[PDB]
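Chemist: I'd like to ask some things about the structure below.
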There are 2 protein chains.
Amino acid sequence: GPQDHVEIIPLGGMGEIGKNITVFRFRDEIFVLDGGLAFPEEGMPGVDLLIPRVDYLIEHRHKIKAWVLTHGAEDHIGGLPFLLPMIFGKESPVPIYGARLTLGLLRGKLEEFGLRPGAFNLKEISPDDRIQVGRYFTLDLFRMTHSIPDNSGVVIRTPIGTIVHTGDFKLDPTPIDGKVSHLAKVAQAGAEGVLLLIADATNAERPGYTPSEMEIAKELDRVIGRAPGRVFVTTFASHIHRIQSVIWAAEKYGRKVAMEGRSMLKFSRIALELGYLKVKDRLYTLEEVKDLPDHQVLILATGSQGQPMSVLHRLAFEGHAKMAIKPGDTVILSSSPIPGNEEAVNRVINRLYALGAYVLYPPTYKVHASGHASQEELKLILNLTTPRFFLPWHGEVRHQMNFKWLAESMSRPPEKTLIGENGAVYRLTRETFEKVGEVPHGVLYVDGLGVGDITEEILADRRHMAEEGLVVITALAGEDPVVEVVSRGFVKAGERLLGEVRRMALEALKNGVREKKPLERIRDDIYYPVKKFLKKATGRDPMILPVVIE
Amino acid sequence: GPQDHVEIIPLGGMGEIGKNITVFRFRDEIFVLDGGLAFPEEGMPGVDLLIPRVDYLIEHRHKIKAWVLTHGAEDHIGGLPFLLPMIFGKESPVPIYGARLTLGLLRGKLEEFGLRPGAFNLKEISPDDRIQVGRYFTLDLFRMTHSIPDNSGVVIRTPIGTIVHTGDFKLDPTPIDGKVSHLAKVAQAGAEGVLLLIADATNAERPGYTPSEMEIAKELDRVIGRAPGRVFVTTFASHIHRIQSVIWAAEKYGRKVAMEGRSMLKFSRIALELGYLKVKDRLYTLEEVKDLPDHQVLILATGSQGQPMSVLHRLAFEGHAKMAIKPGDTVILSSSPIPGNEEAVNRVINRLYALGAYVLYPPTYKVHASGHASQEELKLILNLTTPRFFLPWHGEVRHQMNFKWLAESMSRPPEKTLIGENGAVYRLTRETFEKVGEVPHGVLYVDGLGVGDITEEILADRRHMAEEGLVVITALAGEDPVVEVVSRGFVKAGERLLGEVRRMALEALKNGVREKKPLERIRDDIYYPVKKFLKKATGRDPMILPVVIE
RNA sequence: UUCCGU
RNA sequence: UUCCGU
Ligand SMILES: [Zn+2]
Ligand SMILES: [Zn+2]
């Protein structure tokens, strides 16, 4: 039938790295792939995290047959304690599939955001399971090597063809868990024929292969072993395999492992519980590790991206009542700086050097590997699948374009490659693939209070104040009119002209009472001429607040 | 005599990259080495540039025997149109030494900042000249290869020993000007014995050698030659050799060179005038180059660091009335992103890819080389000089420490290495080198209006507004007390509590008039309890403005 | 490809 | 190791 088609709507994850959320539909049965979280750092202060706009999912909260989860990373399972209550409400019998860790981390996230255990249907599946979603989707999951364990891809079987979603991946030949990528299901999918391939474009510009976690472990061992006195190690909290090799090194060289920072304390607790982490002794605290000699200590902490309030940031910018950087410690930044955090990292790195600690970080020391596949690995999957259509995902426009070209360079290139966009509707038939339009989409600013606390406008005029400053005018209606101009964060060129604005507003108030105009209309007779005067006089566009009282 | 000593005071350039300014003194004769400029990007909005605090130079404007300039880059000659008028005033007969370009660029900078030609004594010298400053300092200048031409180092001969200041450098074996580094004067200095070595620490962490500009030229030629249609090229305006090789490539492949952005338009004009740039034809404009076929055009522009208002930024974020990015153009970012501009660059890169232009940048394409020396070159100078004392400069704490270790790894390591700091006093004798204290130092925020327009406090409370938002309260004294609370950029948790603050201030005003307290004291009886309430209620510290009128 | 002070 | 719209 030429009427049959699959609608693919990503509400996040395209033309970007974070907030991964993919929606798949056939006729009237919907299935969602992941519920991601995004981070600010661009120019959004106060905001802790970000969540995608599921306006499509509120509208279709019934057609949602199941929610499938690839892995337990925040950019895949962080949005859910905010997305789930918005869609279904406090409870839902809709199955939410995932691996032990993928769900265990989510469980804890719900235990954090005030939730009854099992309010939502969290159905545990193997990273290699086959799940029949509704009556149109047969989901063949397959293990994929990445930063977080129990990560999977998905061979999405539809009544019109095969969608191969690689998910976040790398072809790590020697992963820390020994649990290698199941390329068999993928090679099997290719033979049958692949209609669409959704592939991780993170390092599509990066040539060659991504170094194995085993090689990073080997290096970490070499440096931790080398260490004179103390050893500090930072990484992304989520990276259980890295945490593992850092532990494996400490244990090898007779060091007791301490752990600080709630994020790493969270992930590890769940991982050690579910048998993903392996400590021969106990994961000590700072209190316990305190008395021990320097060469017998390893303090694992949060602050890989030089986070303003993290443990490593406090260690650099004094600090803790319990811990301070001693001139002798070895600080191992087992991560590479994320773009836009490069300066935050530099300040931290510099600060630690200034304190007297030897700082070890990439590229000098090969102590970090990307969880995402480089060109050679993408080249392999592209040959393994040979799709008709291609949708590069989990990557910015640069990455998606470079992957488009990498796919183009192939022997049997795809018939059509589409650069993915958030909230766009992609119609896929057994013969065609095309964007058929758009749906309501965006992002929601979340903080300590939650969603709705910070709107688009709160930051908008906050930027207006940041970039330009504030000028506040107090206008008094009545027989005795008073005008007072005060300005915070305003240019000295304008502070001189503050005397002129008082008289500029006094005559504007004078005419206001003369015409017996309302206070809501007098403010505008004050606001606009001062605005036009300040732009023509100082060239600055500051925040102007004309307060009108009787 | 054990009383004889040289005081070395850097007012900028240490523990950082920009605003290079070094002060050298013996008895009562001072000489200044460079007058640098710094850039914001950390978290300072509106600010265009930054200048060092010459409070030492105001106090000693007479002992200043001469001002020596190493090269014409802004981080070496940018502060001067602000520093010179502060120190000596509108005119001075104090000699300001420099090479043709070094002074020509300064000339134009003075022609820009309202100055009579020759108000200051700009004495032209060769990058290899010997200048007798006052009666204690014999300055042996020596050519050094770097990004900007006519760059020099200085073998500072004092009545107590030899100071070798390498200045900004790299050992480019094949520079674009063919004018190689004069290591002879340096090797000669070493034989005699080097007391102190002031060396460029920019790439002290970087192993090996910095690639030659000739190799970058060769690559630029390969890519510009390869190009299908249009070619756009961005670099630091200052980089005349790069501009040269980009021209050399266009000319080779029959392309006409256009030039946009005032910064690159400035440097090139002065360079083409003084015989540093070489165009076989004329440096066309966008107007002239408009009609020409795509494969016969090269538009050189500003925006190497994805600058918010630059030509390349406008080309990406539409844009110009004259020029727009066509899906076919080749964009060559002939620069590497400076830390903290990495995101600005990414937005630009992404935007251009989105428009349909092939973007070529490092590391994929070897189109940029650091103007600063890597380990092998520093290793060579360290062996060439073999100093007693060492002061790593033109680099952050990471760089200075790594250079300290690179100096330590040597055969004949220095007796003492000191990590440089701004406004610190370094006393050097024929036998010792030590920090003997500090002097008033810092930085001055400059913009379109100049110095004094933006203070430390303007940005301080501007940050308070950015990070937290504003809450403005209007208080009215008199028989009828009125309280009105308005808040811009405030959290929805606090917007609900705005009703509570009205009543919180109304009772504070009530007691204020009851006690007949002054308006200046009533505001504080309003300010503090609301401050303590907001912190205990919303956990936020916003900008609070209690305006008190009668 | 991040964090969230006795 | 930066920029500053007909
Ligand atoms: Zn991910
Ligand atoms: Zn410089």
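Each value in this text was obtained by applying a stated rule to the coordinates, not by laboratory testing. Ideal geometry is used to build each Cβ from the backbone, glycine not excepted, and the neighbour counts take in all protein chains shown.
Chemist: Any idea how far apart B:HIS60 and B:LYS90 come out in nm if each label point goes 7 Å out from Cα toward Cβ?
Modeler: In this crude spin-label approximation the distance works out to 2.8 nm.
Chemist: Rounded to the nearest whole Å³, what is the per residue volume of the convex hull around the Cα atoms of the stretch A:144-266?
Modeler: Working: hull volume 16.3 nm³, N = 123.
So the per-residue hull volume is 132 Å³.
Chemist: What percent antiparallel are the DSSP beta bridges of chain A, to the nearest 5? Walk me through the numbers on the way to the answer.
Modeler: Working: 47 of 93 bridges.
Of the beta bridges lying entirely in chain A, close to 50 percent run antiparallel.
Chemist: Now for a different question. For the stretch A:290-425, calculate the relative contact order in percent as a whole number, restricting contacts to Cα pairs under 8 Å that are 6 or more residues apart. Provide the component values of the computation, followed by the final result.
Modeler: Details: 151 pairs, mean separation 24.9, N = 136.
Here the relative contact order equals 18 percent.
Chemist: Which values, in whole Å and largest first, are the semi-axes of the equivalent ellipsoid of the stretch A:453-550 obtained as the square root of 5 times each eigenvalue of the Cα gyration tensor? Don't jump to the answer; show the numbers that get you there.
Modeler: Numbers: eigenvalues 115, 56, 23 Å².
With the √(5λ) rule applied to the stretch A:453-550, the semi-axes are 24, 17, 11 Å.
Chemist: Inside 10 Å of the C-beta atoms of B:459-470, what's the mean count of C-beta atoms belonging to other chains?
Modeler: Per-residue shielding by partner chains comes out at 6.
Chemist: Separate question: Can you put B:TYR56, A:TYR527 in order, fewest other beta carbons within 10 Å first?
Modeler: Working: B:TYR56 20, A:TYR527 17.
Final ranking by Cβ density, sparse to dense: A:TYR527, B:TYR56.
Chemist: Could you run the Karplus curve 6.51 cos²θ - 1.76 cosθ + 1.60 with θ = phi - 60° over the stretch B:454-469 and give me ³J(HN,Hα) per residue in whole Hz, x for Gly and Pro?
Modeler: For the stretch B:454-469, the Karplus curve yields 10, 8, 5, 6, 4, 6, 4, 6, 6, 6, 4, 6, 4, 5, 10, x Hz.
Chemist: Can you give the percent of C-alpha pairs in the stretch B:391-545 whose distance is more than 25 Å?
Modeler: Details: 7007 of 11935 pairs.
Percentage above 25 Å: 59.
Chemist: Just tell me how shielded B:104-112 is by partners: mean number of partner chain Cβ atoms within 10 Å of each residue's Cβ, no decimals.
Modeler: Taking all residues of B:104-112 together, the mean is 0.
Chemist: Label chain B by shape, choosing from rounded, prolate and oblate, from the square roots a ≥ b ≥ c of the eigenvalues of the Cα gyration tensor; if a/c is under 1.5 it is rounded, and otherwise prolate applies when a/b is larger than b/c, oblate when it is not.
Modeler: Numbers: a/c = 2.14, a/b = 1.31, b/c = 1.63.
It comes out oblate by the Cα gyration axes.
Chemist: Based on the Cβ-Cβ distance from A:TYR253 to A:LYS123, what FRET efficiency comes out when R0 is 56 Å, to the nearest 0.05? Let's see the in-between values first.
Modeler: Values: r = 42 Å, r/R0 = 0.76.
That pair, A:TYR253 with A:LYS123, gives E of 0.85.
Chemist: Give me the one-decimal nm value for the distance between modelled label points at A:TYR365 and A:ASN383, 7 Å along each residue's Cα-to-Cβ direction.
Modeler: 3.7
Chemist: Taking 8 Å as the Cα distance limit and 6 or more residues as the minimum spacing, I'd like the relative contact order of chain B as a percentage.
Modeler: Working: 1227 pairs, mean separation 83.0, N = 550.
Once divided by the residue count of chain B, the mean separation gives 15 percent.
Chemist: In the stretch A:98-142, whose amide N lies under 19 Å from the spot 7 Å out along Cα-to-Cβ of A:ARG27? List them in ranges.
Modeler: Once the point is set 7 Å along Cα→Cβ of A:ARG27, A:132-139 turn out to lie under 19 Å by backbone N, inside the stretch A:98-142.
Chemist: Collect residues whose amide H, placed 1.01 Å from N in the peptide plane, falls under 5 Å from the amide H of B:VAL231; neighbours closer than 5 in sequence don't count.
Modeler: HN-HN under 5 Å from B:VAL231: B:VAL297, B:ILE299, B:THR330.
Chemist: Within the protein assembly as shown, what percent of beta bridges assigned by DSSP are antiparallel, to the nearest 5? Mind showing how you got there, number by number?
Modeler: Details: 94 of 186 bridges.
The answer is about 50 percent antiparallel.
Chemist: I would also like to ask the following. Using a/c under 1.5 as the rounded threshold, could you call the stretch A:362-468 rounded, prolate or oblate? The axes a ≥ b ≥ c are square roots of the C-alpha gyration tensor eigenvalues, and prolate needs a/b larger than b/c, oblate otherwise. List each step's numbers first, then the result.
Modeler: Values: a/c = 2.91, a/b = 1.48, b/c = 1.97.
Cα axes put the stretch A:362-468 in the oblate bin.
Chemist: Another question about this same structure. Excluding residues fewer than 8 places away in the same chain, name every one of the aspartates and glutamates whose C-alpha is closer than 13 Å to that of B:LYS326.
Modeler: Hits, sequence-local ones excluded: B:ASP294, B:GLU318.
Chemist: A further question on this structure: Among DSSP bridges having both ends in the stretch B:453-550, what percentage is antiparallel? Round to the nearest 5.
Modeler: Details: 6 of 13 bridges.
Of all bridge pairs located within the stretch B:453-550, approximately 45 percent are antiparallel.
Chemist: Using only the alpha-carbon atoms of the stretch B:116-211 as identical scatterers, what base-10 log of I(q)/I(0) does the Debye formula give at q = 0.12, 0.21 Å⁻¹?
Modeler: -0.44, -1.11
Chemist: Which ordering of B:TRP393, A:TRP248, B:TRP405, A:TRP67 is given by a fewest-first count of other beta-carbon atoms within 10 Å?
Modeler: Values: B:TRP393 26, A:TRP248 17, B:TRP405 12, A:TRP67 29.
Ascending Cβ contact count within 10 Å gives the list B:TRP405, A:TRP248, B:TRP393, A:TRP67.
Chemist: Could you list log10 I(q)/I(0) for the protein assembly as shown at q = 0.09, 0.10 Å⁻¹, which the Debye formula gives when each Cα is one point scatterer?
Modeler: -1.26, -1.44
Chemist: Calculate one ³J(HN,Hα) per residue across the stretch A:376-384 by plugging θ = phi - 60° into the Karplus curve 6.51 cos²θ - 1.76 cosθ + 1.60, and present them in order as whole Hz with x for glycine and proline.
Modeler: Result, ordered by residue: 4, 6, 5, 4, 5, 5, 4, 7, 5 Hz.
Chemist: Among A:123-129, A:322-328, B:353-359, how do they line up by average Cβ neighbours within 10 Å per residue, starting with the highest? Each step should come with its number before you reach the end.
Modeler: On the way: A:123-129: 17.0, A:322-328: 14.7, B:353-359: 19.6.
With the highest mean Cβ count within 10 Å placed first, the list reads B:353-359, A:123-129, A:322-328.
Chemist: Which distance in nm do the two modelled labels at A:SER336 and A:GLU515 give, with both placed 7 Å along the Cα-to-Cβ direction?
Modeler: About 6.3 nm, to one decimal.
Chemist: Same structure, new question: Can you tell me the relative contact order of the stretch B:178-304? Whole percent, Cα pairs under 8 Å, sequence separation 6 or more.
Modeler: Numbers: 138 pairs, mean separation 39.1, N = 127.
Relative contact order for the stretch B:178-304 comes out at 31 percent.
Chemist: Step by step: find N for the stretch B:1-149, compute 2.2 N^0.38 Å, then divide the Cα radius of gyration by it. What's the final number?
Modeler: Relative to the rule-of-thumb radius for its length, the stretch B:1-149 sits at 1.03.
Chemist: Are any of the pairs A:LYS510/B:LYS510; A:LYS266/B:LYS404; A:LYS90/B:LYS536; A:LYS532/B:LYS532; A:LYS123/A:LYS266 more than 31 Å apart by Cα-Cα distance, and if so, which?
Modeler: The pairs that break the limit, which is 31 Å between Cα atoms, are A:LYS266/B:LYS404; A:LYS532/B:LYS532.
Chemist: Under the rule of -39500 (n - 2.57) per DSSP H run of 4 or more residues, summed and divided by the residues of chain A, what mean residue ellipticity at 222 nm is obtained, to the nearest 500 deg cm²/dmol?
Modeler: Calculated mean residue ellipticity at 222 nm is -9500 deg cm²/dmol.
Chemist: FRET efficiency for A:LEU292 and B:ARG262, Cβ-Cβ distance as r, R0 = 51 Å, nearest 0.05? Show your work: numbers first, answer last.
Modeler: Numbers: r = 61 Å, r/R0 = 1.19.
According to the calculation, E is roughly 0.25.
Chemist: Additional query: Which of the three applies to the stretch A:262-312, rounded, prolate or oblate, going by the alpha-carbon gyration tensor with a ≥ b ≥ c and a/c under 1.5 meaning rounded? Present the calculation step by step, with values, prior to reporting the outcome.
Modeler: Values: a/c = 2.22, a/b = 1.01, b/c = 2.20.
In terms of gyration-tensor shape, oblate.
Chemist: Please list, in order, the residues from the stretch B:162-176 whose amide nitrogen is less than 18 Å from a point placed 7 Å along the Cα→Cβ vector of B:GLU42.
Modeler: Zone members listed by number: none at all.
Chemist: Straight-line reach from B:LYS19: which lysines fall under 17 Å, measuring Cα to Cα and dropping same-chain residues less than 8 apart?
Modeler: Answer for B:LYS19, where 17 Å is the Cα cut-off: B:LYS109, listed by chain and number.
Chemist: Kindly put B:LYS63, A:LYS185, A:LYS510 in sequence by how many other C-beta atoms sit within 10 Å of each C-beta, fewest to most. Don't skip to the end; give the middle numbers.
Modeler: Details: B:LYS63 14, A:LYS185 18, A:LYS510 11.
Lowest to highest Cβ neighbour count: A:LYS510, B:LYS63, A:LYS185.
Chemist: While we're on this one: 5 Å is the cut-off here: which amide hydrogens, built 1.01 Å from N in the peptide plane, fall below it relative to A:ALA38, excluding neighbours closer than 5 in sequence?
Modeler: Under 5 Å from the amide H of A:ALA38 lie the amide H atoms of A:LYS19, A:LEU50, A:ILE51, each far enough along the sequence or on another chain.
Chemist: With a bin width of 5 angstrom, please list the P(r) values of the stretch A:185-330 as percents of all Cα-Cα pairs, from the 0 bin to the one holding the largest distance.
Modeler: 2, 8, 16, 18, 18, 13, 7, 6, 4, 3, 2, 1, 0
Chemist: Taking 51 Å as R0, compute the FRET efficiency from the Cβ-Cβ separation of B:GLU434 and B:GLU479 and round it to 0.05. Write down the numbers at each step before the final one.
Modeler: On the way: r = 70 Å, r/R0 = 1.38.
Efficiency, rounded to the nearest 0.05: 0.15.
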